[PDB]
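Asks: Got a structure for you, questions after.
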Protein chains: 2
Amino acid sequence: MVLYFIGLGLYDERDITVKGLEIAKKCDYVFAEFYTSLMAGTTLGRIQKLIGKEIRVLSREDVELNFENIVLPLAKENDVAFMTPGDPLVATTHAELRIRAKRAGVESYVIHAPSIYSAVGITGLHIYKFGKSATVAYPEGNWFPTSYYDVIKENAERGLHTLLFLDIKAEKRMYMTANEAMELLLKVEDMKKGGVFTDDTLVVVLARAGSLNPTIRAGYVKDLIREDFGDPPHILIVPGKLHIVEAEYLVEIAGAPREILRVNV
Amino acid sequence: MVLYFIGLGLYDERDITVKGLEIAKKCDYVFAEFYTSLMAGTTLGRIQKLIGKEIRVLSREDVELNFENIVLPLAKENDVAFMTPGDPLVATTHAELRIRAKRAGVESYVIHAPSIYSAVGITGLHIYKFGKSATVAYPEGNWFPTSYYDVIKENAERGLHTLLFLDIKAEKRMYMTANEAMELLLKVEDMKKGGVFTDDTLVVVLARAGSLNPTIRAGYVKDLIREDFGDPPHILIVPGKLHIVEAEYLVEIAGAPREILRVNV
Ligand SMILES: Nc1ncnc2c1ncn2[C@@H]1O[C@H](CSCC[C@H](N)C(=O)O)[C@@H](O)[C@H]1O
Ligand code: NA
């Protein structure tokens, strides 16, 4: 008689929580979307096999325009689950769907799963030091998004780290790489000339968090701009002022140049 | 030869991921710490039964001072797990433990799990809007720390939300309640007179995130300062200016007063 929002986790089907799996196994109907993020280590089948149910995958349009016509009607007389990559309410507009559920007289519950937002901890950067986050969006036609550049500036001015979600166009099989993000940022810097993002800027790249062997790299843009970080998904991070131990981790674990060990306090 | 950092999740024993559970079950030795946080919805016994291994509990000193003498030696010739509440490497000093592992010639891998950092998305507040985070600490003796107040000030001023962790004495099993945090903040405001935290400030309280029935409440301090939010753990958030969609969620899901739709947007 309820609707469950269940996160699938970072990388593969095993990133779901035990709680999420046991509840998903007993739901009458299971829906999911795979446009808000990319789970590079699994397939729909592997997820269906684990949960033991057929899964109706919905498009962005099905959800944003027809969630109350496709999913909610069933939750009024059945236990329904809506599954998503990572945590269902992180960097998505899915929270608003709980409002739609309420208006349709449907109770909803949320089962969390590991999210890229907290996975940044594996970069060695203190998570409490992250400031406002942003998304590097693909330019479209004459429209060239740039607000994410200002976020970095605002955070850097405060000595805070900046988490940059990268764009995704699932229907086009498009997943922005950290390289493409760095190129776009260099272009905005050329236009705004704020000294925010240059070839000498230290950045951190995290690719395929959740996998056992994610790619964790730190260094200057000039050096990483063309480095191969492996398959998507990727996130780009622009650190603010570093603590001694953050620099030590970036060097020992992320292969950063030993020169960043020397911090200018 | 391998050390696994495994997150336990948010609330109870089912908050660990399928990946984390299967890996823990294959480890020869399993260690855990509950000094950074406690799994309020479960017990050591229930966790132990689920994993089917005896769990070696470690104190803050065991970890910070002797991780390399207690955990790493065993990791040399066995598969060892180090489990922590939430997502591994979120606690500020844990990332450095991977450096110790490296120095000991021990391979380490991270198995993620839900963290309050991402779980707060259930409050309906957009994750990208959170700024620097902080912890509300109890004053004691001649020491009256107030940095967390400045963090709120710096975030709000930029239209950002502030995630506030509340003081905890794991050993004594003493939790600071949201009610106590609000009282402390009002006291700090009376001192700095910054107009940052008053009876008219809008706050959000999240209790028992991870549970199927968490407490999510939003409203003005004057109305919530004496409200019962249930058993801990409690998390306090001071939102910046709200996106109308954030406000609508708080009203419809968190029982916030209609007033926020015009006053805090
Ligand atoms: N495993 C992963 N590794 C690296 N980046 C990831 C990732 N999962 C998600 N992202 C990043 O986040 C973007 C999707 S944003 C949606 C995030 C999701 N709800 C969560 O909780 O993680 C991707 O385009 C990518 O930039
Ligand atoms: Na944050």
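Numbers and lists here come from the model and the stated rules, or from a named source; no laboratory instrument gave them. Cβ placement follows ideal geometry from the backbone for every residue including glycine, while neighbour counts extend to all protein chains displayed.
Let's see how each residue does on (1) more than 23 Å from the chain's Cα centre (by Cα); (2) surrounded by fewer than 14 Cβ atoms within 10 Å (Cβ to Cβ); (3) within 14 Å of chain B (Cβ to nearest Cβ):
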position: A:43; (1), (2), (3): no, yes, no
position: A:49; (1), (2), (3): yes, yes, yes
position: A:53; (1), (2), (3): yes, no, no
position: A:62; (1), (2), (3): no, no, no
position: A:68; (1), (2), (3): yes, no, no
position: A:80; (1), (2), (3): yes, no, no
position: A:86; (1), (2), (3): no, no, yes
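Asks: Against the conditions (1) away from chain A (no Cβ under 14 Å); (2) surrounded by fewer than 19 Cβ atoms within 10 Å (Cβ to Cβ); (3) of a type outside the set (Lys, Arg), where does residue B:196 fall short? Just the number, please.
Replies: (2)
Asks: Then there is this: What number goes with the only condition from (1) within 12 Å of chain A (Cβ to nearest Cβ); (2) over 23 Å from residue B:105 (Cα atoms); (3) touching a residue at least 60 places away in the same chain (Cβ under 8 Å) that residue B:6 does not pass?
Replies: The one condition residue B:6 does not meet is (2).
Asks: Contact list please: Cβ distance under 6 Å, first residue in the stretch A:123-143 and within 7 Å of another protein chain (Cβ to nearest Cβ), second residue more than 14 Å from ligand 1 (Cβ to nearest atom) and among the acidic types (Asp, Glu), pairs at least six apart or on different chains.
Replies: Correct list of pairs: A:124/A:246.
Asks: Looking only at the stretch A:9-41, how many residues end up being buried (at least 24 other Cβ atoms within 10 Å of the Cβ) and at the interface with chain B (Cβ under 8 Å from one of its Cβ atoms)?
Replies: The qualifying residues number 6.
Asks: Can you pull out the residues in the stretch A:79-98 that are assigned to a loop (DSSP other than H, G, I, E, B) and within 16 Å of ligand 2 (Cβ to nearest atom)?
Replies: Correct list: A:87, A:89, A:90, A:91.
Asks: Quick check: is even one residue across the stretch A:102-124 exposed (fewer than 15 other Cβ atoms within 10 Å of the Cβ), in contact with a strand residue (DSSP E or B) (Cβ under 7 Å, 6 or more places away or on another chain), among the acidic types (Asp, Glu) and closer than 30 Å to residue B:15 by Cβ?
Replies: Yes: one or more hits.
Asks: Now a separate question. If I filter the stretch A:229-237 for residues that are surrounded by 21 or more Cβ atoms within 10 Å (Cβ to Cβ), within 13 Å of chain B (Cβ to nearest Cβ) and within 22 Å of the chain's Cα centre (by Cα), do I get at least one hit?
Replies: Yes - at least one qualifying residue is present in the stretch A:229-237.
Asks: Here is a follow-up. For the stretch B:178-211, which positions are over 15 Å from the mean Cα position of the chain (by Cα), basic (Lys, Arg) and either closer than 30 Å to residue A:112 by Cβ or in a helix (DSSP H, G or I) (or both)?
Replies: B:187, B:192
Asks: Is it fair to say residue B:167 is touching a residue at least 40 places away in the same chain (Cβ under 8 Å), under 30 Å from residue A:7 (Cα atoms), of a type in the set (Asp, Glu) and not assigned by CATH to the domain that holds residue B:34?
Replies: No, not satisfied.
Asks: Right, next: Out of the stretch A:227-258, which residues are within 16 Å of ligand 1 (Cβ to nearest atom) and free of Cβ contacts under 8 Å to residues at least 60 places away in the same chain?
Replies: Matches in the stretch A:227-258: A:227, A:228, A:229, A:230.
Asks: Next question. Which residue, of B:11, B:35, is of a type outside the set (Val, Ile, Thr), within 30 Å of residue A:95 (Cβ to Cβ) and either in the same structural domain as residue B:132 (by CATH) or in a loop (DSSP other than H, G, I, E, B) (or both)?
Replies: B:11
Asks: Grab the strands (runs of 3 or more DSSP E) fully contained in the stretch A:99-177, keeping just those with 2 or more residues being under 22 Å from residue A:249 (Cα atoms) and within 15 Å of ligand 2 (Cβ to nearest atom).
Replies: A:162-166
Asks: For residue A:75, which of the numbered conditions (1) farther than 23 Å from residue A:169 by Cβ; (2) crowded, with 22+ Cβ neighbours inside 10 Å; (3) of a type in the set (A, V, I, L, M); (4) at the interface with chain B (Cβ under 10 Å from one of its Cβ atoms) fails to hold?
Replies: The single condition residue A:75 does not satisfy is (4).
Asks: Those residues that are more than 13 Å from residue A:51 (Cα to Cα) and of a type in the set (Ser, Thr, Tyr), I need them from the stretch A:1-40; list them, please.
Replies: Result: A:4, A:11, A:35, A:36, A:37.
Asks: I've got another one for you. Which members of the stretch A:146-165 meet the condition of being within 14 Å of another protein chain (Cβ to nearest Cβ) and more than 21 Å from residue A:129 (Cβ to Cβ)?
Replies: The one that is within 14 Å of another protein chain (Cβ to nearest Cβ) and more than 21 Å from residue A:129 (Cβ to Cβ): A:147.
Asks: Please go through the stretch A:134-186 and pick out each residue that is under 20 Å from residue A:35 (Cα atoms) and of a type in the set (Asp, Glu).
Replies: Within the stretch A:134-186, A:140, A:167, A:171, A:180 meet the criteria.
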